[PDB]
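Consider the single chain below, provided in structure tokens and representing the form deposited in one PDB entry.
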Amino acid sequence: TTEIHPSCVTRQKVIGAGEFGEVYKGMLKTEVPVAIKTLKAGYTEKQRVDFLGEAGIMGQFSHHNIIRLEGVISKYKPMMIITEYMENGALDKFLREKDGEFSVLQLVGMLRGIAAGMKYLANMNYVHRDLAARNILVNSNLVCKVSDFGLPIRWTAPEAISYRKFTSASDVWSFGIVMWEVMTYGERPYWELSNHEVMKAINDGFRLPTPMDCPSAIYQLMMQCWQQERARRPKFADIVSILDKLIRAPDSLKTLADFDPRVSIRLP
């Protein structure tokens, strides 16, 4: 993993928290903006193994839709994981702050990118376990990069909740939920239902209703991500292929799924 000298890093502002340290925005000289996760004095052996292990896995990833590791500081303390900086931040907040501002084709493009990143992770034998819009970063080209900021009942497949079976197929369930987040501009899955009410609804066969203005093909795809039987869900290769074909024949997205009105307004 590329080792960066501390003199090349300037931490500027705190942007969040890590396992045993803080996360910062800063600048890297070689200035490019970067995000910086630190491991502070007193960290345990297990925290060090997990921190350096995370850096090592991130260093093996090279994909347009996966956050890119700039380097690591391991030879000096505090230790640091340094990534590219994504100007538009996390996707859930981004869409909530830009409600209605994008075209259907732009939104589906986002999903294609997320799906390509997930196909790569799954092929690399990396199970994400926490896929949600809050863990996707957006750059100034609208490119979505799968990330993981650490800690999700509403996003998690039934077998993962029930007996802790996390696989790329439970990640597919989560991707379905991410599709719904994107097409709703960041609505909260299942709205005010409690965690127990969500699981009961899922077990009894209910599923999230179609978003407003949602292409029929897109709702059909998210519905197939939520099959109870794990083996029946599409693989990420299937998802990428479908999304790529829909984008390349964009008239395919003009057919919309019926939106079930929660409210009726009667006017003459």
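Counting begins at 1, following the sequence as shown. Heads up, when I say rigid core I mean the largest set of C-alphas that superpose within 1.5 Å between the two forms.
Across the other entries compared, none leave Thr44 without coordinates where the residues on each side are present, so it is far from a third.
Modelling of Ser216 is complete across the other compared entries in which both of its neighbours are modelled; not even a third of them leave it out.
According to the entry, the deposited sequence runs straight from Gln60 to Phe61 with no unmodelled residues in between. Looking at 134-142 and 76-84 together, the entry lists the larger mean B-factor for 76-84, computed on C-alpha atoms. Higher average CA B factor: 32-40, of the stretches 239-247 and 32-40. Among the modelled residues of its chain, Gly150 has a C-alpha B-factor that falls in the highest third according to the deposited record. Sort the chain's modelled residues by C-alpha temperature factor and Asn65 lands in the lowest third, per the entry. Among all modelled residues in its chain, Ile218 ranks in the lowest third by Cα B-factor. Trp226: CA B factor in the lowest third of modelled residues in this chain (values from the PDB entry).
The next section is about a form of this same protein that is not shown, the form deposited in another entry.
Once the cores line up, the CA of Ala231 ends up less than 2 angstroms apart between this form and the one not shown.
With the core held fixed between this form and the one not shown, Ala55 has its Cα displaced by at least 2 Å.
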